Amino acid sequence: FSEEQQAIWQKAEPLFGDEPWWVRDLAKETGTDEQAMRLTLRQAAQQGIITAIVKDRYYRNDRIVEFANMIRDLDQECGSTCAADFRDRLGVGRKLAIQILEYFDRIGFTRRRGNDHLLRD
């Protein structure tokens, strides 16, 4: 973190609860230039503090670990995790549910086969 990036992070940081954040919303909320916020969160993600599931949409890393354990729970009730079941269980729209699931697919946590996300590890 530069000095400008450290001042906007102390701003952005308390706002990271259980919900994901778009860069642009973080920026509107803390009175910071959108692009300046974009670079600060990218460095926050290089540190290992927050993870972008899609470009500019971030969760705290411990939130990700909880989602990974929800996939383990559903895998064991159903035999696998599909979009519809995950978004039912999360209580969120299907679009965020698929963003999260496709995140895990591309880190190799799960693999997609048809509608299912199968535990890979």
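Start at 1 with the first residue shown and count on from there.
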property	result
Which of 88-96 and 42-50 has higher mean CA B factor, as the PDB entry lists it	42-50
Stretch exceeding the other in mean C-alpha B-factor - 51-59, 25-33	25-33
Third of chain Cα B-factors occupied by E102	lowest
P20 CA temperature factor, ranked by third within the chain	lowest
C78 - which third its CA temperature factor falls in, relative to the rest of the chain	highest
